[PDB]
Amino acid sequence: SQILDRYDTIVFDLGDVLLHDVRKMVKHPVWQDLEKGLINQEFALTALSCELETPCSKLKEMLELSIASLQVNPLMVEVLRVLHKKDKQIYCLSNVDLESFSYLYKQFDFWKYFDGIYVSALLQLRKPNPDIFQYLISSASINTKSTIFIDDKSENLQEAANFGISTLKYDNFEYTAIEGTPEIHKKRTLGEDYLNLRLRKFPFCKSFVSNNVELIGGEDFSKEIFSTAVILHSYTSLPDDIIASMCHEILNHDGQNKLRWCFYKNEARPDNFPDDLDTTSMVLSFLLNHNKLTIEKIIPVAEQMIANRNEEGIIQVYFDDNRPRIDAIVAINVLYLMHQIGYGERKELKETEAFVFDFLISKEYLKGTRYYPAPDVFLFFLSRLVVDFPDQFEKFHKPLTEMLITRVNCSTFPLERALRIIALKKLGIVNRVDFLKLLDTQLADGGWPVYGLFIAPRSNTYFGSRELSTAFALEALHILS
């Protein structure tokens, strides 16, 4: 339309806009708890089974039938498409429970036109409520004077109009051109102050070791360089002085030969413990990003990595023929370096990429990897490769996003909440729920609790640190605020 081209930003509703008696269910107050993400469908159907005096299975079939009867609106989708081509900022703002949102994301394919998807079950907010409009506007930094909102309901358009956003009621299209927390900041400030103090005191990132993921009763072991590299890659808002001190510890790490890095400091290296491609890939990828190394110096190390494939063609974990292992996340971090340096189209990487893609798509990642038992870690690292090399990894985006959507608010560990927040936001989905619960678990000194990010399987030793946890939580807070 000639109307929408006057606006920089268009916000789309889903229902009866892009998609076209179960009404007694969706009007019930319990359904609003479901829409808000407060409960899941199983518990919501149990309750509604009682209030609606209907066998639970009948409500499930009525709902299943109702979702599958949804059909795209071809006029609106094409409209969405033309706006996308015009480089508009486009957002989706809609009430829908989480599982329905999973089905609809899998089932349709217009999602790609959106710069950002704001769904009620991921926000714990519902669409007539002005709070959801205010959340959208500040989080997306929307200039309401150049923003128009498309909905079928007048309550929604009236609310948006009160924030100064024009409206298009979707037969007829009614157009009206409209012309007219500090707790987060405190928690961010506390956390930044905590992280900056820890890392200024100990730029070689500390770690602790134990036999459990919470590292209860863990002992101090601060003689591996990997955590330092993880933080440098993962928390993108370190002050320059800290970046420098941590870079210094990497460049001067003594578990180092010919740009092959070892996990351990020399003093702590088990006799005969080999260099590994995870530590090597991660530090090399950081040094190249910060212009401490050239592709010329890295490429021979990358060939050794290609030389390290097993009989199935998969690049292995260690520079040691007598210690053959594989790991989907080590595969990912190798592939990241490969695409960074120009190796992205080497045929010898095909089975390593196939392995990673299959690990995603088979849901085998729900079992964790050899060194990373928590499934969201695989998803997070995959999202880094997929979003940073999007043309090369196009076919990963939708399946990765599907998996992440189902895992929103599925675990209580703060670091796991952080990874889901960061990964979903990089994929254009706003996960406010995990964000809210992440804030609640900050400790009083500003740091989050220790978490066992990775594992030495031979000794079932978990490694982790408050620095790692806090670094991820701060990235999550910054990326959504």
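The numbering used is simple: start at 1 and walk along the sequence shown.
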Look at the stretch from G180 to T181 and count the residues of the deposited sequence that the entry does not model, then pick none, 1 to 3, 4 to 9, or 10 or more. 4 to 9
I want to verify a possible break: how many residues of the deposited sequence sit between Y170 and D171 without any coordinates (none, 1 to 3, 4 to 9, 10 or more)? 1 to 3
Taking the recorded C-alpha temperature factors, which stretch has the higher mean, 106 to 114 or 351 to 359? 106 to 114
228 to 236 versus 254 to 262 - greater average Cα B-factor per the deposited record: 254 to 262
Taking the Cα B-factors listed in the entry, which of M246, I329, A160, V387 comes out highest? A160
Residue, from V82, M305, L123, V283, that the PDB entry assigns the highest Cα B-factor: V82
How does the C-alpha B factor of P55 compare with the rest of the chain: lowest, middle or highest third? highest
Lowest, middle or highest third: which one holds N431 when the chain's residues are ordered by CA B-factor from the entry? lowest
Classify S166 as lowest, middle or highest third according to the C-alpha B-factor given in the PDB entry, relative to its own chain. highest
Here the Cα B-factor of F202, set against its chain, lands in the third termed middle
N143: CA B-factor among chain residues, third -> highest
